[PDB]
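Structural characterization, general
Each chain, letter by letter, is given below.
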Amino acid sequence: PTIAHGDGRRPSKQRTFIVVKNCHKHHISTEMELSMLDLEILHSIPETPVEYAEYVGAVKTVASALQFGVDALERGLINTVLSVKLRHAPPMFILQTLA
Amino acid sequence: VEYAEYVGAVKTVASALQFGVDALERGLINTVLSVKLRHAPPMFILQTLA
Amino acid sequence: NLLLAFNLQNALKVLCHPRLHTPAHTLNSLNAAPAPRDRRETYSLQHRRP
Amino acid sequence: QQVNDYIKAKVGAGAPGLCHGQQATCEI
Amino acid sequence: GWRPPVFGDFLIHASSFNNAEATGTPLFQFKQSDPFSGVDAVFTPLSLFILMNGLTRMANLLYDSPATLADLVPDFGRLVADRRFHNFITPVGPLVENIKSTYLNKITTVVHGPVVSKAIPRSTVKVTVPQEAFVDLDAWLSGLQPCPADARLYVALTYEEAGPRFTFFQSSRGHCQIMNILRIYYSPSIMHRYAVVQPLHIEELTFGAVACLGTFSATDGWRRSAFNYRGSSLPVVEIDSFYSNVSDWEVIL
Amino acid sequence: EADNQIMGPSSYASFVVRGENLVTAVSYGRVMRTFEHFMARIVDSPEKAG
Amino acid sequence: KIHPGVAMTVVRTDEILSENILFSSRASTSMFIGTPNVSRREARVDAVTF
Amino acid sequence: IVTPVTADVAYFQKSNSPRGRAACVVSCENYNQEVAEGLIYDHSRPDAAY
């Protein structure tokens, strides 16, 4: 909007600003390792209790790998959000007069 | 599609009329504040006149 | 908070280098400009044998 | 060659250890 | 992840090969004339330093007497005259298995493929060469040069005035310029060879021969292990993830 | 100030691709966020002043 | 310790570790969360990597 | 310990070993005595204080 003033100056026409804001895409990678002997006994079902104990160790190792995977994804979430917040933050000594 | 152009047209002219009326209200407040400031002597002159 | 001394001798590791002494790049940056100073200077410049 | 060797030897001459911290390069 | 490496089996007589040698040194094979089913006559580089003449103290502590080796290569003094000795040193690859026997001895190496053992589900190994008689030709001549994917180990065998000597070179740039950079490297030793060139005839002019052993996983480097023999104190460079692809002997001069 | 607590949402706001977005995705390679809002604004109540 | 003909000015650079404070306002940024994906990269004789 | 008569006064004003040189070895990397003698006794290289 504008103001009309009694002064001799020309009035200025109606004005609009059209502004474009663009995305940013961020990429996150995590890595997991799995042993071959660990993947071996998972398919078969144990019959002697020794195989049963080795199986319940195996599934806990794999569950730990998945747990680290999803936790590392959460850390990546929080870290990328904090980084994007930091990158567009001007310091006080510049911004104080500009605001 | 001509009806969509019609409703866009009447939205345009409505906003282009609201612009003028709101700028007239701003003209009101600007002139009254200017009239107040035209008859406002500063403090150090007025204090020893009080 | 240890007091230290800056001295000429410690300062010589830059002061004893050929990039101080040779003028060729100064001369090149000086004459490769479009307009130099008004060229009127003429006196001693080279000795003239009798 | 002799004069350049002399000037290089007298003034110009990793660090084993440092107590204060990362050294600052001084330019003159 | 690749196909399992093509192993090679070898029967050496035990007097020309020490049991004490570390798992992973590269071995070199020599061809005998009339019988070769019996004794393979394989060499190790430390043995090659003795057959060609503190590495010397270890090379004499491991190998004592040499005339068995002189019997295995009788014509070595005739081959160094003609430059034909490089035509017999074939590369075979690093060591994996050493089945112990009194007279014979069972050497199993890796001809080609990623280096590994065979008993368990393929436990890996590493390949070791001593740091002396070893020259990195990447720190020798040193915008920013690009970082390639893969690094090559070459071998050269060079007939200097004090006999032939072998060298191993580690670079990563390319095969078409490692030859030129190796001529630039062996320039001054070439300058010391042409004292007594002129009486001797055409066959002597060859200065050495270059093969390409293999491509190890670059962008990592190496380490510096040692020998744990009794008196040793012998530093040795070791490299992992090695893929053997022995090449032909390409001539340098 | 002994507050140390806030009431917040327990889940993300879901935005999924519906079929009306999907025909535009396949046919033209464009989707608009909540297409239904734009269609309800344009074709249903034409004026609906802002 | 005799003074040469020319004085000199010395320039240095310093690093300082600073613990900062970051302020942010509400509804400053919108974030869009996708779906994670799984791939297999290195199968080794010992162990496989994802 | 006997000492030059032109040893600097400010050297004694701060915490220093009486040797005339610092003796900290934790600055150098672990398990190398040669670098340690380079800190302690080597006068090719300056001390770690001045």
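The structure this text deals with has already been given above.
Residues numbered from 1 in each chain as written, not as in the entry; some residues may be left out. Chains lettered and ligands numbered in written order. Part of a larger assembly, values for the part shown. Heavy atoms only, no water.

**Things to note about the overall build of chain E**
Summing up its helical and strand segments, chain E has 6 helices and 14 strands in all. The C-alpha atoms of chain E give 19 Å as radius of gyration, which agrees with the globular expectation for 253 residues (18 Å, within 12%). With the C-alpha coordinates aligned to their principal axes, the bounding extent of chain E is approximately 55 × 50 × 35 Å. A buried classification covers 43% of the 253 residues belonging to chain E. Of the roughly 14100 Å² of accessible surface on chain E, 55% is carried by carbon and sulfur atoms. In chain E, which carries 19 positive and 22 negative side-chain charges, the distance between the mean positions of the two groups comes to 5 Å. (Helix = DSSP H or I, 4+ residues; strand = E, 2+ residues; numbered from the N terminus. Rg over C-alpha atoms; globule rule 2.2 N^0.38 Å. Buried < 20%, exposed > 50% of the residue type's maximum accessible area, 1.4 Å probe, protein only. Areas by Shrake-Rupley, 256 points an atom, 1.4 Å probe, with all protein chains shown as cover. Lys, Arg positive; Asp, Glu negative; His and termini not counted. Charge placed at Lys NZ, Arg CZ, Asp CG, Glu CD.)

**Focus: the packing of helix α1 (residues 36–43) of chain A against helix α2 (residues 49–87) of chain A**
All names here are of chain A. Two elements in contact, α1 and α2, have axes separated by 9 Å at closest approach and are oriented at 120°. Relative to α2, the element α1 is oriented oblique. α1 and α2 meet at a crossing whose hand is left-handed. From α1, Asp38, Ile41 and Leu42 reach across to α2, where they touch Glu54, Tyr55, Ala58, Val59, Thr61 and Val62. Looking at the contact of α1 with α2, its residues break down into 6 nonpolar, 1 polar and 2 charged. (Axes fitted to C-alpha atoms, helices over the stretch in contact; angles between N-to-C directions. Parallel < 35°, antiparallel > 145°, perpendicular 65-115°, else oblique. Left-handed = near helix turned anticlockwise from the far one by under 90°. Contact = heavy atoms within 4.5 Å. Nonpolar A, V, L, I, M, F, W, Y, C, P; charged D, E, K, R; others polar.)

**Points about the arrangement of the chains**
By contact count, the dominant pairing among the 10 pairs of chains in contact is that of chains A and G. At the C-alpha level, the nearest point of chain D lies 42 Å from chain F, with no contact between them. Across the gap from chain E to chain H, with no contact made, the nearest C-alpha atoms are 15 Å apart.

**Comments concerning the pairing of strand β11 (residues 223–227) of chain E**
Here 5 bridges tie β11 of chain E to strand β12 (residues 234–239) of chain E, and the two strands are oriented antiparallel to one another. Across the sheet, residue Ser225 of chain E finds its bridge partner in β12 of chain E, namely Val236 of chain E. (Pairing = 2+ DSSP bridges.)

**A word on the interface of chain A and chain G**
Listed as interface residues are 14 residues of chain A and, on the opposing side, 13 residues of chain G. With both sides pooled, the region where chain A packs onto chain G buries about 1100 Å², and carbon together with sulfur makes up 65% of that total. A per-residue breakdown of the area chain A buries against chain G is headed by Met32, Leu34 and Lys85 of chain A, which together make up 42% of the total. On inspection of chain A and its partner chain G, the count reaches 1 salt bridge. Run the count over chain A and chain G and you get 4 residue pairs in polar contact. Listed by contribution, the elements that provide at least two residues to the side of chain A that touches chain G are β1 (33–35) and α2 of chain A. A per-element tally of the side of chain A that touches chain G places α2 of chain A first, with 6 residues. Classifying every residue of the side of chain A that touches chain G by side-chain character gives 9 nonpolar, 2 polar and 3 charged. Where β1 of chain A meets strand β1 (residues 47–49) of chain G, 3 bridges bridge the pair, whose relative direction is antiparallel. Each residue of the ladder has a partner; that of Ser35 of chain A, found in β1 of chain G, is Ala47 of chain G. (Buried area = accessible area lost by both parts, 1.4 Å probe. Salt bridge = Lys/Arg side-chain N within 4 Å of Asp/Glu carboxyl O. Polar contact = N/O pair within 3.5 Å; in protein donor to acceptor, adjacent residues only side chain to side chain.)

**Some points on the state of the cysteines**
Scanning the model with the defined rule gives 0 disulfides over all chains in all. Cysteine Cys212 of chain E is unpaired, with the sulfur of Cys176 of chain E as its nearest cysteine sulfur at 12 Å. (Disulfide = S-S within 2.5 Å.)

**A closer look at a nonpolar patch on the surface**
Residue and element names in this part refer to chain F. Taken together, the side chains of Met32, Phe38, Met39, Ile42 and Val43 define a hydrophobic patch exposed on the protein surface, amounting to about 490 Å² of accessible area. Residue position: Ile42 is located in helix α2 (residues 35–44). With relative accessibility at 61%, the residue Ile42 sits in the exposed group. (Patch = residues over 30% accessible without salt bridge, like charges linked within 9 Å, V, L, I, M, F, W, Y side chains within 5 Å.)

**So, the sheet that holds β11 of chain E**
Residue and element names in this part refer to chain E. Taken together, the 3 strands give an open sheet; going across it, the order is β6-β12-β11, and neighbouring strands pair in antiparallel fashion. The open sheet is flanked by β6 (127–130) and β11, the only strands paired with a single partner. Going across the sheet, the axis of each strand differs from the next one's by a mean of 40°, ignoring polarity.

**Let's talk about the pattern of salt bridges**
In this structure the tally under the stated criterion is 9 salt bridges over all chains. Taking the shortest distance from any N to any O, the salt bridge between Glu204 of chain E and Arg83 of chain E comes out at 2.4 Å. There is no split in this pair, since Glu204 of chain E and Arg83 of chain E are both buried. A cluster of three or more residues bridged by salt bridges with shared partners is formed by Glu31 of chain A together with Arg41 and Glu42 of chain G.

**Some remarks on the environment of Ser142 of chain E**
Residue and element names in this part refer to chain E. Mapped onto the elements of the fold, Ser142 is located in the loop between β7 (134–136) and β8 (150–160). Between the C-alpha atom of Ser142 and that of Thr124, which follows or precedes it by 18 residues, the distance is 33 Å. Of note is the side chain of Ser142, whose polar atom sits 3.3 Å from the backbone oxygen of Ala139.

**Observations regarding the nonpolar core**
Residue and element names in this part refer to chain E. Among the nonpolar cores identified, the biggest contains 38 residues, and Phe85 and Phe168 are the most heavily contacted of them. Mapped by element, the contributors of at least two residues to this core are α1 (45–52), α3 (67–72), α4 (76–82), β6, β8, β9 (163–171) and β10 (208–217). Here this core takes 5 residues from β8, the largest share from any one element. Here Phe85 is in contact with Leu48, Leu51, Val73, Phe76, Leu79, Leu157 and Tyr159, once residues within four sequence places are set aside. By size, the runner-up hydrophobic cluster in this structure holds 14 residues, among which are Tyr154, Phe169, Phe207 and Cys212. (Core = buried A, V, L, I, M, F, W, Y, C linked by side-chain atoms within 4.5 Å.)

**Re the packing of α1 of chain E against helix α2 (residues 55–62) of chain E**
Residue and element names in this part refer to chain E. Look at α1 against α2: their axes get within 10 Å of each other, and the N-to-C directions meet at 95°. In this view, α1 runs roughly perpendicular relative to α2, as classed from their interaxial angle. Contacts from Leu46, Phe49 and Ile50 of α1 reach α2 at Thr56, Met58, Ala59, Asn60 and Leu62.

**Brief notes about helix α5 (residues 175–185) of chain E**
For α5 of chain E, every residue scored as buried is listed here: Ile178, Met179, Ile181 and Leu182 of chain E. On its buried face, α5 of chain E sits against β8, β9, β10 and β14 (250–252) of chain E.

**A word on helix α2 (residues 33–40) of chain H**
Residues and elements named next belong to chain H. Buried residues of α2: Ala36, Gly38 and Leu39, and no others. Considered in projection along α2, the buried side chains sweep an arc of 155° and stay on one side of the axis. Opposite the packed face of α2, turned more than 90 degrees from it, sit the exposed residues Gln33 and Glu34. (Arc of directions from axis to C-beta.)

**As for the pairing of strand β4 (residues 90–99) of chain E**
Residues and elements named next belong to chain E. The pairing of strand β2 (residues 26–29) with β4 spans 4 bridges and is classified as antiparallel. Bridged to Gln29 within β4 is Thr90. By the bridge criterion, 4 bridges tie β4 to strand β5 (residues 104–114) in an arrangement that is antiparallel. By the bridge assignment for β5, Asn98 is matched with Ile107. The turn linking β4 back onto β5 is made up of 4 residues.

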